[PDB]
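The block underneath contains the structure these notes are about, expressed in structure tokens.
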Amino acid sequence: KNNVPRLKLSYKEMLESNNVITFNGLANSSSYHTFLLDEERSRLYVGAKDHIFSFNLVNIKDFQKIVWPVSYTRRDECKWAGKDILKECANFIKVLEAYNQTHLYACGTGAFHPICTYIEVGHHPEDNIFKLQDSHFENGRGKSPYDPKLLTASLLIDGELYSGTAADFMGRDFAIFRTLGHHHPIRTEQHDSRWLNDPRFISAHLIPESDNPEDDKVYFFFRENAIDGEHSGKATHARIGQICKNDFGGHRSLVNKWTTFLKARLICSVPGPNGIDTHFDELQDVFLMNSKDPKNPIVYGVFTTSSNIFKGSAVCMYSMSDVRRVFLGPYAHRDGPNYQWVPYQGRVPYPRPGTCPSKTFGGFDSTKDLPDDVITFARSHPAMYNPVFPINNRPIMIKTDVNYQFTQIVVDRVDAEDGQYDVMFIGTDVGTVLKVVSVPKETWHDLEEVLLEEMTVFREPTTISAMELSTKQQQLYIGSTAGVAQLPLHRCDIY
Amino acid sequence: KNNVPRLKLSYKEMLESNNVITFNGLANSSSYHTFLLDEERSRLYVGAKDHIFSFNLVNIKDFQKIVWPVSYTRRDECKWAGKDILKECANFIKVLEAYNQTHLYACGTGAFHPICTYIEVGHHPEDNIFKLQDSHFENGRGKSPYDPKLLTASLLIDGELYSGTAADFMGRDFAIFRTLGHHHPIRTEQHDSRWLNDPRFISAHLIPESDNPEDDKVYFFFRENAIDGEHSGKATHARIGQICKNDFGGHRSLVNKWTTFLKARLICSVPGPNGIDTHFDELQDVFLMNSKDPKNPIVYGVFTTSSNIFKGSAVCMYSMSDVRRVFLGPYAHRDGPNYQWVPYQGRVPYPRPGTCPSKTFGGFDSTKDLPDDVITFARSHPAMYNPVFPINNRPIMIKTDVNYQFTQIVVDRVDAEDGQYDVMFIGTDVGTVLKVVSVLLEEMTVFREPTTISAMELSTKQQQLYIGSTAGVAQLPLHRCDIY
Ligand SMILES: CC(=O)N[C@@H]1[C@@H](O)[C@H](O)[C@@H](CO)O[C@H]1O
Ligand SMILES: CC(=O)N[C@@H]1[C@@H](O)[C@H](O)[C@@H](CO)O[C@H]1O
Ligand SMILES: CC(=O)N[C@@H]1[C@@H](O)[C@H](O)[C@@H](CO)O[C@H]1O
């Protein structure tokens with residue numbers, strides 16, 4: 001029933017108890033935001049400014065660094081663009097995923113000229129190979145943004161890259177891309193408000209729908225500016241967008257453009273007395289709690305208030321069964337520009353747009369062999385009407401009166417000799433980490449919030465940008481421009 | 001540039017300094033919310049549960065009362081109706097207003113059967129009369145709600161009663177009525193969310209426009225549920241409405257109904273960085289500062305956040321020049337329920353809807369003589385498209401860190417050595433009054449126990465402030481510079 005940490009600690013105390021291994025980062029670098037955890041290779045990769053690191057996730061003081069800056073020529077070109085020589089004209093690594101069984105794929109802002117390449121790690125982890133394959137350099141457009149201020153939700157599977165970010169120099173052509181591989185890169189309609197409206201990506205996950213890979217979907221989480229009318233009402237909408245991994249675009253229309261793209265509002269609010277709810281629209285981070293059933297990973301989300309005078313944070317939970325229901329629900333439909341959004345009620349193209357091409361029903365092989373009505377629809381119906389509410393219609397945690405806001409989250413399923421509890425590790429914009437448990441107080445609905453620890457993990461206060469949980473090292477890794485930080489999950493002999 | 005009070009005295013500290021005179025109220029009464037300040041008679045009237053008091057503006061310890069509790073039969077028909085005998089089946093007065101030069105008009109919850117009567121107080125404030133003219137008894141349909149939990153905004157001028165409440169037993173028929181005074185009662189359209197949609201009234205004021213009494217309009221202030229498509233997103237819209245004092249409805253169609261009603265949204269928000277503003281739509285009280293020009297009183301308003309989690313209160317100022325600009329602008333317009341609201345680009349009938357009939361300009365000297373096209377319009381065009389923003393597009397004061405919320409307000413115009421300064425005495429839902437000057441002087445508790453301040457009057461001819469609540473009334477001096 002309290003909101004005070006039963007165990008508070010500062011970077012100081014943490015350092016005087018063996019609970020923090022700080023990497024202060026090189027003097028000629030920053031922005032250690034991109035994390036690529038690798039349990040197998042037992043290393044923790046962190047792509048930053050002009051560099052890419054390979055930390056030893058047992059003690060991040062031991063590592064390797066691939067200095068990957070940009071050519072003098074490129075630097076100058078960025079300079080001539082009237083940009084910030086130090087803050088902007090640098091190669092900020094924004095993408096870092098796995099590719100070959102011996103190479104990583106990395107992308108970054110090549111000083112407002114996105115470039116990517118490979119990072120040979122090798123076959124055997126025994127011989128820690130951290131070699132950068134220079135001279136190649138592939139087009140970074142659509143993979144890493146031009147502006148370092150923008151992030152990227154990346155997902156690299158089966159040799160193909162999925163990434164949502166701003167694709168242009170002007171940084172106003174945001175789109176979900178599918179690069180690499182065999183086929184021509186896939187993209188979302190550009191300059192189309194109904195598809196994407198000045199969004200900001202958070203993450204992308206490969207979620208299987210059944211035992212048939214043919215039915216694999218890729219979910220992107222992101223926030224964007226709402227759209228409804230020409231009335232005084234700007235607003236944010238956290239969202240989740242689904243797309244079929246086996247989508248290859250239209251035939252005589254959406255050429256090389258997703259055909260199975262749909263989105264739904266993710267609502268994270270707290271019911272009120274007079275019937276008006278309090279919403280946490282600003283989606284900051286998302287973590288998937290892998291259930292034994294890969295088809296139903298639990299979705300935790302870290303949301304924030306839109307108001308500048310009412311700072312607040314929330315942690316909402318969603319079940320895929322819900323998102324799937326929404327995605328199988330009414331399509332948001334609007335007749336004219338000055339019409340109220342209404343749930344579409346009348347003839348839906350078959351197969352249902354949004355549904356992946358199946359060699360069992362309809363028989364239609366490949367998206368490229370779909371009717372025209374199933375391409376015209378979806379093309380103007382990217383959004384679902386009904387929103388997906390959190391489990392139980394409320395967040396499992398809320399922090400208001402506090403002076404900081406949540407920025408990252410990860411959770412471990414710890415089995416206790418009296419049941420299992422989902423322990424959340426929430427990162428703050430202040431540089432502190434909170435460990436909380438939401439045990440159901442006597443009954444689901446009236447649950448108790450327990451703040452176990454509040455540990456600062458950076459000499460100076462900074463915004464936490466990345467968190468990676470290791471269930472093989474039992475170590476948490478925080479990231480920021482100030483550098484990376486490592487700490488143990490527990491500390492049971494200090495309570 | 002601060003948030004801490006220079007003078008934070010508690011009730012104990014206020015009582016131990018003659019800073020507050022307390023009336024713990026009667027045991028058989030409560031809800032002392034209906035205030036009526038009479039300078040001339042130097043008394044302060046008050047409406048309450050089965051009672052109507054009369055406090056002395058010098059010492060509320062000295063007072064007269066009137067017992068008006070509803071008969072047995074009525075108390076019984078209310079019980080069988082399935083109401084709470086203790087907190088419902090009683091006569092809670094909701095309207096106290098001066099009527100004749102010798103009488104006051106009063107109405108209360110007739111134990112869910114509102115009734116009204118007069119209250120004699122003679123010509124001379126010397127004889128201090130307070131006789132409850134019993135017998136007869138008129139009904140209070142449209143004058144007072146049936147439900148004590150509902151407020152009412154009244155204004156009785158020229159022998160006419162203007163009020164906005166629930167005209168029904170079920171408390172669902174909210175309306176703005178004008179009863180009394182020579183003509184058949186006139187009211188807003190029943191069951192039409194466009195006109196009014198589950199509103200909560202706050203107050204009505206007469207404000208002339210021109211130097212012609214015929215252009216006089218009555219303005220109501222209230223808060224109601226916004227309407228914007230079947231699509232969800234419940235929200236509150238603070239509002240202000242106007243009505244011509246001389247509106248008596250049409251010949252046929254809109255018969256005995258406002259043909260001049262128009263209403264506009266009142267915005268009180270704070271600009272944000274990402275273009276998103278923080279709004280305070282829950283109007284709580286209104287005070288008009290009589291400026292030099294009687295056609296331009298400054299409008300102060302106390303708004304609160306709709307959010308149950310984040311508590312926050314704000315005060316906002318509005319000029320009647322702005323309000324009038326909005327009423328002379330585009331009406332809101334819809335082609336149906338599935339359409340977006342849009343400023344009416346069509347051709348507005350003449351005379352312009354919302355325009356008081358006049359024996360001068362206009363050509364018409366009666367609202368009943370208006371043509372069909374205007375009456376038809378209006379009937380479906382009671383709302384305006386442009387909301388009226390507050391002076392500077394910002395609120396004067398803000399409180400969010402605070403763990404309470406404003407509930408009442410009054411302001412005094414005090415002449416000093418530097419110039420005139422407007423001091424705002426803000427009430428609180430936790431028994432407390434904040435004194436504020438602009439460009440927090442003191443935070444004083446005024447009740448032994450915490451409650452909601454629901455009434456607040458200011459007597460300049462006595463330099464005192466009176467606060468209302470269910471606990472009782474509280475007297476307090478505007479300054480007491482000694483404590484400083
Ligand atoms: C050009 C560049 O930034 N890379 C240097 C790298 O060559 C050097 O070994 C290291 C030592 O701290 O410092 C980095 O900043
Ligand atoms: C070992 C292997 O088969 N993986 C390949 C690697 O051989 C190749 O050089 C690289 C592109 O440079 O792409 C990887 O996926
Ligand atoms: C409810 C009622 O009938 N009113 C009584 C009144 O007769 C009496 O004069 C007064 C003073 O004690 O107390 C009230 O409760």
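Going by the structure tokens order, chains are called A, B, ..., each with residues numbered from 1, while ligands are numbered from 1 in the order shown.
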
- Task: Please give me, as a PyMOL selection string, the residues lying within 10 Å of ligand 3 when counting only C-alpha atoms and all ligand atoms.
- Result: chain B and resi 26-29+49-51+65-71+90-91

Residues as selected, C-alpha atoms, written as a PDB file, in the first residue's frame, can you do that?
```
ATOM      1  CA  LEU B  26     -28.236  23.429  13.365  1.00  0.00           C
ATOM      2  CA  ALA B  27     -28.471  19.747  14.236  1.00  0.00           C
ATOM      3  CA  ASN B  28     -31.681  19.356  12.236  1.00  0.00           C
ATOM      4  CA  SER B  29     -30.194  21.109   9.208  1.00  0.00           C
ATOM      5  CA  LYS B  49     -32.035  21.902   4.777  1.00  0.00           C
ATOM      6  CA  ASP B  50     -35.618  22.626   5.948  1.00  0.00           C
ATOM      7  CA  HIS B  51     -34.385  26.088   6.911  1.00  0.00           C
ATOM      8  CA  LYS B  65     -34.139  31.557  11.063  1.00  0.00           C
ATOM      9  CA  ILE B  66     -37.248  30.171   9.379  1.00  0.00           C
ATOM     10  CA  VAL B  67     -38.467  26.611   9.613  1.00  0.00           C
ATOM     11  CA  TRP B  68     -39.702  25.238   6.271  1.00  0.00           C
ATOM     12  CA  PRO B  69     -39.502  21.417   6.370  1.00  0.00           C
ATOM     13  CA  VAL B  70     -42.308  19.982   4.174  1.00  0.00           C
ATOM     14  CA  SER B  71     -45.496  18.326   5.531  1.00  0.00           C
ATOM     15  CA  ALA B  90     -36.392  17.067   3.017  1.00  0.00           C
ATOM     16  CA  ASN B  91     -36.792  20.624   1.715  1.00  0.00           C
TER      17      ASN B  91
END
```

Please, which residues of segment 277-377 of chain B, numbered as in this document, come out helix (DSSP H, G or I) from DSSP, as a list in words?
residues 320, 321, 322, 323, 324, 325, 326, 327, 367, 368, 369, 372, 373, 374, 375, 376 and 377 of chain B

Interface rows for chain B against chain A: nearest pair, Å to one decimal, 8 Å, only C-alpha atoms, as JSON lines:
```
{"residue": "B:229", "atom": "CA", "partner": "A:340", "partner_atom": "CA", "distance": 6.2}
{"residue": "B:230", "atom": "CA", "partner": "A:342", "partner_atom": "CA", "distance": 8.0}
{"residue": "B:231", "atom": "CA", "partner": "A:341", "partner_atom": "CA", "distance": 7.3}
{"residue": "B:233", "atom": "CA", "partner": "A:276", "partner_atom": "CA", "distance": 7.7}
{"residue": "B:234", "atom": "CA", "partner": "A:276", "partner_atom": "CA", "distance": 5.5}
{"residue": "B:235", "atom": "CA", "partner": "A:276", "partner_atom": "CA", "distance": 6.3}
{"residue": "B:272", "atom": "CA", "partner": "A:308", "partner_atom": "CA", "distance": 5.9}
{"residue": "B:273", "atom": "CA", "partner": "A:308", "partner_atom": "CA", "distance": 7.1}
{"residue": "B:275", "atom": "CA", "partner": "A:234", "partner_atom": "CA", "distance": 6.9}
{"residue": "B:276", "atom": "CA", "partner": "A:234", "partner_atom": "CA", "distance": 5.9}
{"residue": "B:277", "atom": "CA", "partner": "A:307", "partner_atom": "CA", "distance": 6.7}
{"residue": "B:278", "atom": "CA", "partner": "A:307", "partner_atom": "CA", "distance": 5.8}
{"residue": "B:306", "atom": "CA", "partner": "A:276", "partner_atom": "CA", "distance": 6.7}
{"residue": "B:307", "atom": "CA", "partner": "A:278", "partner_atom": "CA", "distance": 5.5}
{"residue": "B:308", "atom": "CA", "partner": "A:272", "partner_atom": "CA", "distance": 5.6}
{"residue": "B:309", "atom": "CA", "partner": "A:278", "partner_atom": "CA", "distance": 7.0}
{"residue": "B:310", "atom": "CA", "partner": "A:310", "partner_atom": "CA", "distance": 6.7}
{"residue": "B:337", "atom": "CA", "partner": "A:340", "partner_atom": "CA", "distance": 8.0}
{"residue": "B:338", "atom": "CA", "partner": "A:340", "partner_atom": "CA", "distance": 5.0}
{"residue": "B:339", "atom": "CA", "partner": "A:339", "partner_atom": "CA", "distance": 4.4}
{"residue": "B:340", "atom": "CA", "partner": "A:339", "partner_atom": "CA", "distance": 5.0}
{"residue": "B:341", "atom": "CA", "partner": "A:231", "partner_atom": "CA", "distance": 7.9}
{"residue": "B:400", "atom": "CA", "partner": "A:310", "partner_atom": "CA", "distance": 7.5}
{"residue": "B:401", "atom": "CA", "partner": "A:401", "partner_atom": "CA", "distance": 7.9}
```

Residues of segment 323-431 of chain B classed as strand (DSSP E or B) by DSSP on the backbone are to be reported as a PyMOL selection string. chain B and resi 331-333+339+342-343+360+362+383-384+388+397-399+406-415+420-428

Please write the residues from the selection above to a file, keeping C-alpha atoms, as a compact mmCIF listing (two decimals), in the first residue's frame.
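Okay, out05.txt is ready:
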```txt
# COMPACT_ATOMS: atom_id res chain seq x y z
CA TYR B 331 -22.57 28.72 -35.87
CA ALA B 332 -21.51 25.08 -35.45
CA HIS B 333 -22.97 22.85 -38.17
CA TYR B 339 -20.58 14.15 -40.04
CA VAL B 342 -18.17 22.51 -39.33
CA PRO B 343 -18.60 26.29 -39.31
CA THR B 360 -35.32 50.31 -33.32
CA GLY B 362 -34.19 45.12 -36.83
CA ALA B 383 -24.10 26.07 -30.68
CA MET B 384 -21.28 28.17 -32.03
CA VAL B 388 -14.10 31.67 -26.58
CA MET B 397 -3.28 31.02 -11.98
CA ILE B 398 -2.59 27.26 -11.89
CA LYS B 399 -2.38 24.59 -9.19
CA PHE B 406 -10.76 25.28 -6.14
CA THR B 407 -14.56 25.31 -5.73
CA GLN B 408 -15.48 28.99 -5.43
CA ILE B 409 -14.15 32.43 -6.24
CA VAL B 410 -14.72 36.11 -5.64
CA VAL B 411 -12.45 39.06 -6.26
CA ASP B 412 -12.22 42.50 -4.74
CA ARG B 413 -10.98 45.67 -6.50
CA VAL B 414 -8.84 47.35 -3.84
CA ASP B 415 -7.54 50.89 -4.40
CA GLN B 420 -5.91 49.20 -8.23
CA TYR B 421 -5.27 45.53 -7.50
CA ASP B 422 -7.66 42.62 -7.94
CA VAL B 423 -7.44 40.21 -5.04
CA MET B 424 -8.89 36.75 -5.64
CA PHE B 425 -10.34 34.88 -2.68
CA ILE B 426 -10.46 31.29 -3.89
CA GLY B 427 -12.49 28.64 -2.11
CA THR B 428 -11.43 25.02 -1.71
```

Residues of chain A at most 8 Å from ligand 2: nearest atom pair and distance in Å, only C-alpha atoms and all ligand atoms, as CSV:
```
residue,atom,partner,partner_atom_place_in_ligand_line,distance
A:99,CA,ligand 2,15 (O),5.5
A:100,CA,ligand 2,15 (O),2.9
A:101,CA,ligand 2,4 (N),5.3
A:102,CA,ligand 2,1 (C),5.2
A:103,CA,ligand 2,14 (C),5.7
A:118,CA,ligand 2,12 (O),6.7
A:122,CA,ligand 2,1 (C),7.7
A:123,CA,ligand 2,1 (C),7.3
A:133,CA,ligand 2,12 (O),7.9
A:159,CA,ligand 2,15 (O),7.4
```

Could the residues in this selection be saved with N, CA and C atoms as a PDB file, in the first residue's frame?
```
ATOM      1  N   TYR A  99      22.683 -11.481 -38.774  1.00  0.00           N
ATOM      2  CA  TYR A  99      22.488 -11.822 -40.190  1.00  0.00           C
ATOM      3  C   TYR A  99      22.993 -13.239 -40.431  1.00  0.00           C
ATOM      4  N   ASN A 100      24.165 -13.362 -41.059  1.00  0.00           N
ATOM      5  CA  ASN A 100      24.768 -14.672 -41.328  1.00  0.00           C
ATOM      6  C   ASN A 100      25.035 -15.373 -39.982  1.00  0.00           C
ATOM      7  N   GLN A 101      25.527 -16.607 -40.024  1.00  0.00           N
ATOM      8  CA  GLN A 101      25.816 -17.330 -38.787  1.00  0.00           C
ATOM      9  C   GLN A 101      27.190 -16.857 -38.299  1.00  0.00           C
ATOM     10  N   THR A 102      27.785 -15.954 -39.074  1.00  0.00           N
ATOM     11  CA  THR A 102      29.104 -15.421 -38.763  1.00  0.00           C
ATOM     12  C   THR A 102      29.219 -13.898 -38.913  1.00  0.00           C
ATOM     13  N   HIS A 103      28.117 -13.241 -39.263  1.00  0.00           N
ATOM     14  CA  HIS A 103      28.145 -11.794 -39.432  1.00  0.00           C
ATOM     15  C   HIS A 103      26.913 -11.077 -38.887  1.00  0.00           C
ATOM     16  N   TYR A 118      28.610  -4.950 -42.718  1.00  0.00           N
ATOM     17  CA  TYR A 118      28.554  -6.169 -41.924  1.00  0.00           C
ATOM     18  C   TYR A 118      29.662  -6.176 -40.891  1.00  0.00           C
ATOM     19  N   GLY A 122      32.151 -14.312 -36.770  1.00  0.00           N
ATOM     20  CA  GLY A 122      32.653 -15.667 -36.942  1.00  0.00           C
ATOM     21  C   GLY A 122      31.718 -16.809 -36.594  1.00  0.00           C
ATOM     22  N   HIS A 123      32.212 -18.027 -36.808  1.00  0.00           N
ATOM     23  CA  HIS A 123      31.470 -19.260 -36.529  1.00  0.00           C
ATOM     24  C   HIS A 123      31.526 -19.559 -35.026  1.00  0.00           C
ATOM     25  N   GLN A 133      33.623  -5.296 -41.782  1.00  0.00           N
ATOM     26  CA  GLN A 133      33.842  -5.465 -43.224  1.00  0.00           C
ATOM     27  C   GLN A 133      33.680  -4.132 -43.962  1.00  0.00           C
ATOM     28  N   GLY A 159      17.308 -13.424 -42.869  1.00  0.00           N
ATOM     29  CA  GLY A 159      18.087 -12.691 -43.849  1.00  0.00           C
ATOM     30  C   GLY A 159      17.450 -11.435 -44.406  1.00  0.00           C
TER      31      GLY A 159
END
```

Neighbour list for residue 471 of chain B as a PyMOL selection string, cut-off 10 Å, only C-alpha atoms, skip fewer than 3 positions in-chain
chain B and resi 23-26+29-32+431+447-453+468+474

Practice problem: Extract, using only C-alpha atoms, all DNA, RNA and protein residues at most 6 Å from residue 257 of chain B, discarding same-chain residues fewer than 5 positions from it, and format them as a VMD selection string. | Solution: chain B and resid 186 to 188 249

Could you save the residues just selected, with N, CA and C atoms, as a short mmCIF file (atom, residue, chain, number, x, y, z; two decimals), in the first residue's frame?
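Generated output (selection-v7.cif):
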```
data_model
loop_
_atom_site.label_atom_id
_atom_site.label_comp_id
_atom_site.auth_asym_id
_atom_site.auth_seq_id
_atom_site.Cartn_x
_atom_site.Cartn_y
_atom_site.Cartn_z
N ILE B 186 -41.05 30.18 -20.29
CA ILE B 186 -40.34 29.92 -21.55
C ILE B 186 -39.15 29.03 -21.20
N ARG B 187 -38.92 27.96 -21.96
CA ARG B 187 -37.78 27.05 -21.68
C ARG B 187 -37.04 26.58 -22.94
N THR B 188 -35.89 25.93 -22.75
CA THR B 188 -35.11 25.41 -23.86
C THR B 188 -35.79 24.12 -24.35
N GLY B 249 -40.43 33.56 -27.30
CA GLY B 249 -40.73 32.45 -28.18
C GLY B 249 -41.47 32.85 -29.45
#
```

7 Å shell around ligand 1 using only C-alpha atoms and all ligand atoms, listed as a compact mmCIF listing (two decimals) with N, CA and C atoms, in the first residue's frame:
```txt
# COMPACT_ATOMS: atom_id res chain seq x y z
N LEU A 26 34.18 6.11 -24.38
CA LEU A 26 35.29 6.90 -24.91
C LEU A 26 34.97 8.39 -24.97
N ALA A 27 36.00 9.22 -24.88
CA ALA A 27 35.82 10.67 -24.91
C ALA A 27 35.34 11.15 -26.28
N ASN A 28 35.63 10.36 -27.31
CA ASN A 28 35.23 10.68 -28.69
C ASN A 28 34.04 9.84 -29.15
N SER A 29 33.01 9.75 -28.31
CA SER A 29 31.81 8.98 -28.63
C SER A 29 30.66 9.27 -27.67
N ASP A 50 30.10 6.96 -33.83
CA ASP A 50 31.36 6.66 -34.50
C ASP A 50 31.94 5.31 -34.09
N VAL A 67 36.01 1.10 -34.40
CA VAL A 67 35.88 2.52 -34.72
C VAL A 67 35.33 2.67 -36.14
N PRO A 69 33.83 5.55 -38.03
CA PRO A 69 33.44 6.93 -38.32
C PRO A 69 33.19 7.06 -39.82
```

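Restricting the calculation to only C-alpha atoms, the smallest distance between residue 174 of chain B and any of B:434, B:14, B:150, B:157 is found for B:150.
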
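For segment 104-109 of chain B, the residues within 8 Å (counting only C-alpha atoms, excluding itself and residues fewer than 5 positions away along the chain) are residues 90, 91, 92, 93, 94, 95, 96, 97, 98, 99, 114, 115, 116, 117, 118, 119, 120, 121, 140, 143, 144, 145, 146, 147 and 148 of chain B.
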
Exercise: residue 295 of chain B partners within 12 Å, only C-alpha atoms, chain neighbours under 3 positions left out, as an NGL selection string
:B and (205-213 or 215-217 or 288-292 or 298-299 or 319-321 or 324)

Serialized selection, N, CA, C and O atoms, as an mmCIF file, in the first residue's frame:
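Writing done, so here's part32.cif:
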```
data_model
loop_
_atom_site.group_PDB
_atom_site.id
_atom_site.type_symbol
_atom_site.label_atom_id
_atom_site.label_comp_id
_atom_site.auth_asym_id
_atom_site.auth_seq_id
_atom_site.Cartn_x
_atom_site.Cartn_y
_atom_site.Cartn_z
ATOM 1 N N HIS B 205 -26.230 35.841 -15.294
ATOM 2 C CA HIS B 205 -25.986 37.267 -15.108
ATOM 3 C C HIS B 205 -26.620 38.080 -16.205
ATOM 4 O O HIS B 205 -26.700 37.620 -17.334
ATOM 5 N N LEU B 206 -27.075 39.285 -15.868
ATOM 6 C CA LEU B 206 -27.671 40.189 -16.839
ATOM 7 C C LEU B 206 -26.529 41.115 -17.256
ATOM 8 O O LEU B 206 -25.810 41.650 -16.410
ATOM 9 N N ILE B 207 -26.342 41.298 -18.554
ATOM 10 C CA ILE B 207 -25.280 42.160 -19.027
ATOM 11 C C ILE B 207 -25.813 42.931 -20.228
ATOM 12 O O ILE B 207 -26.089 42.353 -21.283
ATOM 13 N N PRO B 208 -25.989 44.249 -20.081
ATOM 14 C CA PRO B 208 -26.497 44.981 -21.241
ATOM 15 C C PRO B 208 -25.415 44.934 -22.317
ATOM 16 O O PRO B 208 -24.256 44.602 -22.016
ATOM 17 N N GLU B 209 -25.813 45.222 -23.560
ATOM 18 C CA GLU B 209 -24.918 45.239 -24.734
ATOM 19 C C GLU B 209 -24.803 46.698 -25.178
ATOM 20 O O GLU B 209 -23.723 47.293 -25.158
ATOM 21 N N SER B 210 -25.942 47.264 -25.574
ATOM 22 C CA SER B 210 -26.026 48.651 -26.025
ATOM 23 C C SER B 210 -26.597 49.560 -24.922
ATOM 24 O O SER B 210 -26.685 49.164 -23.759
ATOM 25 N N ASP B 211 -26.980 50.781 -25.279
ATOM 26 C CA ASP B 211 -27.548 51.695 -24.292
ATOM 27 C C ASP B 211 -29.063 51.512 -24.353
ATOM 28 O O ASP B 211 -29.834 52.311 -23.810
ATOM 29 N N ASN B 212 -29.474 50.430 -25.015
ATOM 30 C CA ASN B 212 -30.887 50.105 -25.169
ATOM 31 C C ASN B 212 -31.246 48.855 -24.369
ATOM 32 O O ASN B 212 -30.743 47.755 -24.631
ATOM 33 N N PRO B 213 -32.133 49.007 -23.377
ATOM 34 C CA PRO B 213 -32.544 47.871 -22.542
ATOM 35 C C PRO B 213 -33.044 46.671 -23.346
ATOM 36 O O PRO B 213 -33.017 45.531 -22.865
ATOM 37 N N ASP B 215 -31.720 45.264 -25.949
ATOM 38 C CA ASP B 215 -30.651 44.415 -26.449
ATOM 39 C C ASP B 215 -30.050 43.654 -25.290
ATOM 40 O O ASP B 215 -28.992 43.011 -25.419
ATOM 41 N N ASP B 216 -30.721 43.735 -24.147
ATOM 42 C CA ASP B 216 -30.242 43.052 -22.956
ATOM 43 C C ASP B 216 -30.297 41.565 -23.096
ATOM 44 O O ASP B 216 -31.291 41.009 -23.587
ATOM 45 N N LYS B 217 -29.232 40.922 -22.632
ATOM 46 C CA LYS B 217 -29.125 39.473 -22.687
ATOM 47 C C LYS B 217 -28.744 38.901 -21.329
ATOM 48 O O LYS B 217 -28.048 39.542 -20.550
ATOM 49 N N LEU B 288 -18.221 37.821 -11.773
ATOM 50 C CA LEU B 288 -18.044 38.903 -12.729
ATOM 51 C C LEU B 288 -17.582 40.158 -11.999
ATOM 52 O O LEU B 288 -18.222 40.615 -11.037
ATOM 53 N N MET B 289 -16.466 40.718 -12.460
ATOM 54 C CA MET B 289 -15.911 41.940 -11.886
ATOM 55 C C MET B 289 -16.539 43.133 -12.576
ATOM 56 O O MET B 289 -16.169 43.439 -13.704
ATOM 57 N N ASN B 290 -17.489 43.802 -11.919
ATOM 58 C CA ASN B 290 -18.114 44.990 -12.509
ATOM 59 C C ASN B 290 -17.038 46.022 -12.846
ATOM 60 O O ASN B 290 -16.553 46.718 -11.961
ATOM 61 N N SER B 291 -16.670 46.115 -14.119
ATOM 62 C CA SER B 291 -15.667 47.078 -14.573
ATOM 63 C C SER B 291 -16.311 48.474 -14.612
ATOM 64 O O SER B 291 -17.440 48.655 -14.142
ATOM 65 N N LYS B 292 -15.593 49.458 -15.154
ATOM 66 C CA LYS B 292 -16.127 50.821 -15.272
ATOM 67 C C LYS B 292 -17.361 50.803 -16.189
ATOM 68 O O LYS B 292 -18.380 51.432 -15.895
ATOM 69 N N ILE B 298 -15.499 42.025 -16.242
ATOM 70 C CA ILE B 298 -14.482 41.019 -16.444
ATOM 71 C C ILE B 298 -15.098 39.728 -15.900
ATOM 72 O O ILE B 298 -15.771 39.750 -14.866
ATOM 73 N N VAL B 299 -14.884 38.615 -16.600
ATOM 74 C CA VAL B 299 -15.432 37.319 -16.196
ATOM 75 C C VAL B 299 -14.346 36.407 -15.629
ATOM 76 O O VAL B 299 -13.452 35.968 -16.350
ATOM 77 N N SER B 319 -13.137 38.344 -21.464
ATOM 78 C CA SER B 319 -13.742 39.647 -21.691
ATOM 79 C C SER B 319 -15.005 39.423 -22.525
ATOM 80 O O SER B 319 -15.034 38.528 -23.377
ATOM 81 N N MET B 320 -16.045 40.221 -22.277
ATOM 82 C CA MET B 320 -17.288 40.087 -23.024
ATOM 83 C C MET B 320 -17.113 40.581 -24.475
ATOM 84 O O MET B 320 -18.023 40.471 -25.299
ATOM 85 N N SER B 321 -15.960 41.148 -24.801
ATOM 86 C CA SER B 321 -15.780 41.572 -26.182
ATOM 87 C C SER B 321 -15.485 40.283 -26.941
ATOM 88 O O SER B 321 -15.990 40.082 -28.042
ATOM 89 N N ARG B 324 -18.714 38.047 -27.282
ATOM 90 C CA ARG B 324 -19.576 38.611 -28.309
ATOM 91 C C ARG B 324 -19.041 38.421 -29.717
ATOM 92 O O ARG B 324 -19.807 38.444 -30.687
#
```

Which neighbours of residue 373 of chain B fall inside 9 Å, counting only C-alpha atoms, when residues of the same chain fewer than 3 positions from it are skipped, and could you give them as a PyMOL selection string?
chain B and resi 349-350+370+376-377

For each of A:20, A:4, A:206, A:196, take the minimum atom-to-atom distance to residue 459 of chain A, counting only C-alpha atoms, then give the residue where this is smallest.
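Looking at the shortest contact to residue 459 of chain A, the residue is A:20.
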